[PDB]
Amino acid sequence: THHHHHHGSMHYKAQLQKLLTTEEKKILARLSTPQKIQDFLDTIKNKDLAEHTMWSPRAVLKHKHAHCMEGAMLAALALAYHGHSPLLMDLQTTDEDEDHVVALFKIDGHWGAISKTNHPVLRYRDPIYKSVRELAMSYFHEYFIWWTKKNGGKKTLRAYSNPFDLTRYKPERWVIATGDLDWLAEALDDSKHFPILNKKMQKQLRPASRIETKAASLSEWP
Amino acid sequence: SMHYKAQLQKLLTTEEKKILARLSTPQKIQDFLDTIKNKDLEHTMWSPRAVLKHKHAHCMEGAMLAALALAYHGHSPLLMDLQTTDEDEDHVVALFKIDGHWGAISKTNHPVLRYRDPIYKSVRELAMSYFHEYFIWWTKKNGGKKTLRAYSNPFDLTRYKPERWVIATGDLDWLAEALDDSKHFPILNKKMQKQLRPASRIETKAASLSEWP
Ligand SMILES: [Zn+2]
Ligand SMILES: [Zn+2]
């Protein structure tokens, strides 16, 4: 079976079709499973700033380059195109680290996540997680400072957002935007988050090992 | 707990007790296991005594020592089995709790299936934190296949006379077998298994890195 009953929106899909070129739609039509979407993001070059800005799905399809939220927004678009809600989840760190965004999806009542990253951490999640919490917690141990010895190995994840439904915005605002979508990032950051720790628990945390920081440092793209 | 500790003290040498006395937090225990050389197996199943003597351990050997150290400071000596398909080997950790939250001490040579901080609200939640990083990384044949299938209830070693495992000179294969036979909870059904996606090449490369050469 492949169908489009994932509680997205026929009306919403119609609005998307009005905005997209034939080429864009032909691509999105092929990306009919979460797995196919992740496979597609694997062929996109991970970004650098070798401007460096928060591109729309349109820009990403044109230039075949993406950082995490650019990847997740394209994924959410592709999920919506096949009848899922376009859902983002923010993973919120201390100010020592950058947040990471994934695109949530469900298959047979279980949560998965599509993720664009250059490192072997914060990757795709299979639809096997019984709750958003359970999925989010599967990231905690592998979210740490690996790029400097300053707080080397410190675990930096502090909270996860409720699923963030992009349906609330006019699709023009993000799908095909030419501006900076920093307002969208900001709206995500400002949405309901659930803390993972209290102060006591934070004091318990143990740094990741040297082998872990070395492993995390590996790069998919030069 | 106090009674159990007393029984352990009867069995242990002064040197062994001096070591266990130092390992007074789960974090200190993990730090200690980090100084023990990881194995690379003919196969063994050494007691905590043997492990302290030879300073060498595979995963269950590490977890049994951890459980001992936890018990010496009044925690239950709990193991959790992580059970894979036939394509992979199981992994064992020592569970612990601090302020109502589960953590895990783990002995491994690779940057996966590591220590877990006491932040997980249930055994299930902790176990699920291992799923994505349990995969075939050593061959191209089913490269990246995710192999974890079930986790055990906490396995309390209190059910056995401590003589039987703490200081045993025999093979503790019976203990491994008892663990493997205890209540397990499946993570997938057949439908979910069909959804699984292989880990990426970058992930298998990362998993292949070694702490001990
Ligand atoms: Zn479709
Ligand atoms: Zn954020």
# chains A, B, ... in the order shown; residues from 1 in each chain; ligands from 1
call {"tool": "residues_near_ligand", "arguments": {"ligand": "ligand 2", "cutoff": "7 Å", "atoms": "only C-alpha atoms and all ligand atoms", "output": "list in words"}}
result
residues 90, 91, 92, 99, 100, 101, 185, 188 and 189 of chain A
call {"tool": "residues_around", "arguments": {"residues": "residue 146 of chain A", "least_positions_apart": "6", "cutoff": "7 Å", "atoms": "only C-alpha atoms", "output": "list in words"}}
result
residues 152, 153, 213, 216 and 217 of chain A
call {"tool": "interface_residues", "arguments": {"of": "chain A", "to": "chain B", "cutoff": "9 Å", "atoms": "only C-alpha atoms", "output": "compact mmCIF listing (two decimals) with N, CA, C and O atoms, in the first residue's frame"}}
result
# COMPACT_ATOMS: atom_id res chain seq x y z
N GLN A 35 11.53 7.44 4.06
CA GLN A 35 12.82 6.84 3.75
C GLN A 35 13.35 7.41 2.44
O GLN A 35 14.53 7.72 2.34
N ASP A 42 20.32 12.76 1.51
CA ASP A 42 21.67 12.21 1.54
C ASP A 42 22.47 12.61 0.30
O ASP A 42 23.69 12.70 0.40
N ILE A 107 4.29 6.68 11.17
CA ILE A 107 3.80 5.51 10.45
C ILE A 107 3.31 4.48 11.47
O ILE A 107 4.03 4.16 12.42
N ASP A 108 2.05 4.05 11.30
CA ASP A 108 1.31 3.14 12.17
C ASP A 108 1.46 3.54 13.63
O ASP A 108 1.83 2.71 14.45
N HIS A 110 3.62 5.38 15.22
CA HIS A 110 4.96 5.54 15.78
C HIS A 110 5.71 6.69 15.12
O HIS A 110 5.65 6.86 13.90
N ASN A 118 25.90 16.66 8.87
CA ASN A 118 27.15 16.34 8.20
C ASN A 118 27.96 15.33 9.02
O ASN A 118 28.96 14.81 8.54
N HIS A 119 27.49 15.05 10.24
CA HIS A 119 28.20 14.27 11.24
C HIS A 119 27.42 13.00 11.57
O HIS A 119 26.22 12.91 11.31
N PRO A 120 28.07 11.96 12.11
CA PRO A 120 27.36 10.71 12.42
C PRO A 120 26.54 10.72 13.71
O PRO A 120 26.35 9.67 14.30
N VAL A 121 26.04 11.90 14.12
CA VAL A 121 25.13 12.05 15.26
C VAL A 121 23.92 12.85 14.79
O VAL A 121 24.00 13.47 13.73
N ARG A 123 21.03 11.85 13.59
CA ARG A 123 20.65 11.32 12.29
C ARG A 123 19.16 10.97 12.26
O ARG A 123 18.45 11.21 13.23
N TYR A 124 18.72 10.43 11.11
CA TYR A 124 17.40 9.87 10.87
C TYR A 124 16.98 9.00 12.05
O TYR A 124 17.82 8.41 12.72
N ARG A 125 15.67 8.95 12.31
CA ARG A 125 15.06 8.03 13.25
C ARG A 125 13.93 7.28 12.56
O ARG A 125 13.08 7.92 11.95
N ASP A 126 13.97 5.94 12.63
CA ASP A 126 12.94 5.03 12.13
C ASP A 126 11.63 5.31 12.87
O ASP A 126 11.64 5.75 14.01
N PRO A 127 10.46 5.09 12.22
CA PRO A 127 9.17 5.27 12.90
C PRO A 127 8.88 4.13 13.88
O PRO A 127 8.10 3.24 13.58
N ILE A 128 9.52 4.17 15.07
CA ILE A 128 9.39 3.10 16.06
C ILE A 128 9.21 3.65 17.47
O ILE A 128 9.12 2.87 18.42
N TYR A 129 9.19 4.99 17.61
CA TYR A 129 9.22 5.65 18.90
C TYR A 129 7.77 5.95 19.30
O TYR A 129 7.00 6.43 18.46
N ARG A 133 8.56 12.50 23.13
CA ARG A 133 9.54 12.45 24.21
C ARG A 133 10.56 11.34 23.96
O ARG A 133 11.76 11.59 24.03
N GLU A 134 10.06 10.13 23.68
CA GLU A 134 10.92 8.96 23.55
C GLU A 134 11.92 9.16 22.41
O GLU A 134 13.10 8.82 22.57
N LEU A 135 11.43 9.72 21.28
CA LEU A 135 12.26 10.00 20.12
C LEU A 135 13.33 11.01 20.50
O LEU A 135 14.51 10.78 20.20
N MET A 137 14.58 11.88 23.37
CA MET A 137 15.54 11.38 24.35
C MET A 137 16.60 10.50 23.67
O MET A 137 17.69 10.35 24.22
N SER A 138 16.28 9.93 22.49
CA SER A 138 17.20 9.08 21.74
C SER A 138 18.36 9.88 21.16
O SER A 138 19.34 9.28 20.71
N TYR A 139 18.26 11.23 21.21
CA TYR A 139 19.29 12.14 20.72
C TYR A 139 20.22 12.63 21.83
O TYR A 139 21.33 13.09 21.53
N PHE A 140 19.77 12.56 23.09
CA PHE A 140 20.42 13.30 24.17
C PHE A 140 21.91 12.98 24.27
O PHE A 140 22.73 13.89 24.36
N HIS A 141 22.25 11.69 24.32
CA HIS A 141 23.59 11.24 24.66
C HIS A 141 24.61 11.64 23.59
O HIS A 141 25.81 11.64 23.87
N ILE A 196 14.42 18.73 29.53
CA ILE A 196 14.84 17.34 29.69
C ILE A 196 15.43 17.14 31.09
O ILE A 196 15.33 16.04 31.63
N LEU A 197 16.03 18.21 31.65
CA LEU A 197 16.71 18.21 32.94
C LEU A 197 16.07 19.22 33.89
O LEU A 197 15.35 20.11 33.45
N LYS A 200 19.42 19.70 39.43
CA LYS A 200 19.99 18.51 40.06
C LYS A 200 20.53 17.55 39.00
O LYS A 200 21.68 17.10 39.10
N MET A 201 19.70 17.23 37.99
CA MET A 201 20.04 16.28 36.94
C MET A 201 21.24 16.79 36.13
O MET A 201 22.12 16.02 35.75
N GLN A 204 24.48 15.90 37.54
CA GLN A 204 24.82 14.50 37.36
C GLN A 204 25.55 14.22 36.04
O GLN A 204 26.27 13.22 35.95
N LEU A 205 25.38 15.07 35.01
CA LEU A 205 25.84 14.75 33.65
C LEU A 205 27.33 14.43 33.60
O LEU A 205 28.12 15.04 34.30
N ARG A 206 27.70 13.47 32.76
CA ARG A 206 29.08 13.05 32.57
C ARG A 206 29.47 13.43 31.14
O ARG A 206 28.67 13.30 30.22
N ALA A 208 30.91 13.20 27.38
CA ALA A 208 31.23 12.18 26.39
C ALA A 208 32.73 11.90 26.38
O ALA A 208 33.53 12.78 26.70
N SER A 209 33.11 10.66 26.03
CA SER A 209 34.49 10.19 25.96
C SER A 209 35.23 10.79 24.76
O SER A 209 34.59 11.31 23.84
N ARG A 210 36.56 10.63 24.74
CA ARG A 210 37.40 11.11 23.64
C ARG A 210 37.07 10.36 22.36
O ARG A 210 37.05 10.98 21.29
N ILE A 211 36.80 9.05 22.45
CA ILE A 211 36.46 8.26 21.27
C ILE A 211 35.16 8.77 20.66
O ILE A 211 35.02 8.77 19.43
N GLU A 212 34.23 9.24 21.50
CA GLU A 212 32.94 9.75 21.05
C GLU A 212 33.10 11.09 20.32
O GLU A 212 32.49 11.26 19.26
N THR A 213 33.90 12.01 20.88
CA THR A 213 34.15 13.32 20.27
C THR A 213 34.89 13.14 18.95
O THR A 213 34.58 13.82 17.97
N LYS A 214 35.84 12.18 18.89
CA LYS A 214 36.55 11.88 17.65
C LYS A 214 35.56 11.38 16.60
O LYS A 214 35.59 11.84 15.47
N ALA A 215 34.68 10.44 16.99
CA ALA A 215 33.70 9.87 16.08
C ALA A 215 32.75 10.95 15.55
O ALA A 215 32.49 11.00 14.34
N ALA A 216 32.25 11.82 16.44
CA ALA A 216 31.30 12.87 16.09
C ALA A 216 31.91 13.85 15.08
O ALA A 216 31.20 14.36 14.22
N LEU A 218 33.80 13.31 12.53
CA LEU A 218 33.85 12.84 11.15
C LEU A 218 32.79 13.57 10.32
O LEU A 218 31.71 13.88 10.84
N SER A 219 33.12 13.78 9.04
CA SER A 219 32.36 14.58 8.09
C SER A 219 31.94 13.73 6.90
O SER A 219 32.74 12.99 6.33
N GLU A 220 30.67 13.88 6.50
CA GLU A 220 30.14 13.27 5.28
C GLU A 220 30.67 14.04 4.08
O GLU A 220 31.11 13.43 3.11
call {"tool": "residues_around", "arguments": {"residues": "residue 166 of chain B", "least_positions_apart": "3", "cutoff": "10 Å", "atoms": "only C-alpha atoms", "output": "list in words"}}
result
residues 8, 11, 12, 46, 47, 48, 49, 50, 64, 65, 67, 68, 157, 161, 162, 163 and 169 of chain B
call {"tool": "atom_distance", "arguments": {"atom1": "atom CA of residue 105 of chain B", "atom2": "atom CA of residue 198 of chain A"}}
result
21.6 Å
call {"tool": "residues_near_ligand", "arguments": {"ligand": "ligand 1", "cutoff": "10 Å", "atoms": "only C-alpha atoms and all ligand atoms", "output": "list in words"}}
result
residues 2, 3, 4, 5, 28, 29, 30, 31, 32, 33, 78, 79, 80, 81, 82, 83 and 84 of chain A
call {"tool": "write_last_selection", "arguments": {"atoms": "C-alpha atoms", "output": "tab-separated table (two decimals), in the first residue's frame"}}
result
chain	number	residue	atom	x	y	z
A	2	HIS	CA	0.98	3.58	-0.46
A	3	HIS	CA	-1.67	6.17	0.34
A	4	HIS	CA	-2.02	9.80	1.42
A	5	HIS	CA	-4.07	9.41	4.64
A	28	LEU	CA	8.22	15.83	-4.59
A	29	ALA	CA	5.96	13.17	-6.18
A	30	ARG	CA	8.92	10.72	-6.25
A	31	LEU	CA	9.69	11.29	-2.52
A	32	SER	CA	6.65	9.28	-1.40
A	33	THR	CA	8.00	7.73	1.79
A	78	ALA	CA	7.82	16.48	0.85
A	79	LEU	CA	5.92	14.83	3.73
A	80	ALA	CA	3.00	17.32	3.23
A	81	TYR	CA	3.04	16.62	-0.52
A	82	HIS	CA	2.15	12.99	0.35
A	83	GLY	CA	-0.42	13.87	3.02
A	84	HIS	CA	1.56	14.09	6.31
call {"tool": "residues_around", "arguments": {"residues": "residue 88 of chain A", "least_positions_apart": "5", "cutoff": "6 Å", "atoms": "only C-alpha atoms", "output": "number ranges by chain"}}
result
A: 102-104, 163-164
call {"tool": "select_by_dssp", "arguments": {"residues": "segment 39-101 of chain A", "states": "alpha helix (DSSP H)", "output": "ChimeraX atom specification"}}
result
/A:39-42,57-63,68-81
call {"tool": "atom_distance", "arguments": {"atom1": "atom CA of residue 28 of chain B", "atom2": "atom CA of residue 160 of chain A"}}
result
29.4 Å
call {"tool": "residues_around", "arguments": {"residues": "residue 70 of chain B", "least_positions_apart": "4", "cutoff": "9 Å", "atoms": "only C-alpha atoms", "output": "ChimeraX atom specification"}}
result
/B:20,23-26,29,65-66,74-78,94,96
call {"tool": "atom_distance", "arguments": {"atom1": "atom CA of residue 69 of chain B", "atom2": "atom CA of residue 17 of chain B"}}
result
9.5 Å
call {"tool": "residues_around", "arguments": {"residues": "residue 144 of chain A", "least_positions_apart": "4", "cutoff": "6 Å", "atoms": "only C-alpha atoms", "output": "list in words"}}
result
residues 153, 154, 155 and 156 of chain A
call {"tool": "closest_residue", "arguments": {"among": "B:86, B:61, B:123, B:184", "to": "residue 103 of chain B", "atoms": "only C-alpha atoms"}}
result
B:123
call {"tool": "residues_around", "arguments": {"residues": "segment 67-70 of chain A", "least_positions_apart": "6", "cutoff": "7 Å", "atoms": "only C-alpha atoms", "output": "ChimeraX atom specification"}}
result
/A:46-47,54-57,100-101,115-117
call {"tool": "select_by_dssp", "arguments": {"residues": "chain A", "states": "strand (DSSP E or B)", "output": "CSV table (one decimal) with C-alpha atoms, in the first residue's frame"}}
result
chain,number,residue,atom,x,y,z
A,6,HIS,CA,-1.6,10.7,7.2
A,7,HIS,CA,-3.7,13.6,8.6
A,45,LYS,CA,25.7,18.6,-0.2
A,46,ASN,CA,25.8,19.7,3.5
A,65,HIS,CA,23.0,22.4,-0.7
A,66,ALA,CA,21.4,22.5,2.9
A,84,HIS,CA,1.6,14.1,6.3
A,87,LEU,CA,6.0,19.0,11.4
A,88,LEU,CA,9.3,20.3,12.7
A,89,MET,CA,10.9,19.5,16.1
A,90,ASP,CA,13.5,21.8,17.6
A,91,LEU,CA,16.3,20.3,19.7
A,92,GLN,CA,17.3,23.2,22.0
A,93,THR,CA,20.8,23.4,23.5
A,100,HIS,CA,19.1,21.2,15.5
A,101,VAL,CA,15.8,20.8,13.7
A,102,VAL,CA,14.3,17.6,12.3
A,103,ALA,CA,11.1,16.8,10.4
A,104,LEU,CA,8.8,14.5,12.4
A,105,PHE,CA,6.6,11.9,10.8
A,106,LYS,CA,4.4,9.0,11.9
A,107,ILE,CA,3.8,5.5,10.5
A,110,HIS,CA,5.0,5.5,15.8
A,111,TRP,CA,7.2,8.6,15.5
A,112,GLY,CA,10.2,8.9,13.2
A,113,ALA,CA,12.4,11.9,12.2
A,114,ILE,CA,14.1,13.0,9.0
A,125,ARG,CA,15.1,8.0,13.3
A,126,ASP,CA,12.9,5.0,12.1
A,127,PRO,CA,9.2,5.3,12.9
A,128,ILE,CA,9.4,3.1,16.1
A,129,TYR,CA,9.2,5.7,18.9
A,144,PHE,CA,27.9,17.2,22.9
A,155,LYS,CA,26.3,17.2,26.8
A,157,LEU,CA,20.8,19.2,24.9
A,158,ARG,CA,18.3,20.9,27.3
A,159,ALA,CA,14.8,20.7,25.6
A,160,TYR,CA,12.7,19.6,22.7
A,161,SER,CA,9.7,21.4,21.1
A,164,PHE,CA,5.6,22.5,15.1
A,165,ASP,CA,3.0,22.5,12.3
A,193,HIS,CA,9.5,23.3,24.6
A,194,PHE,CA,9.7,20.6,27.2
A,195,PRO,CA,12.9,20.6,29.5
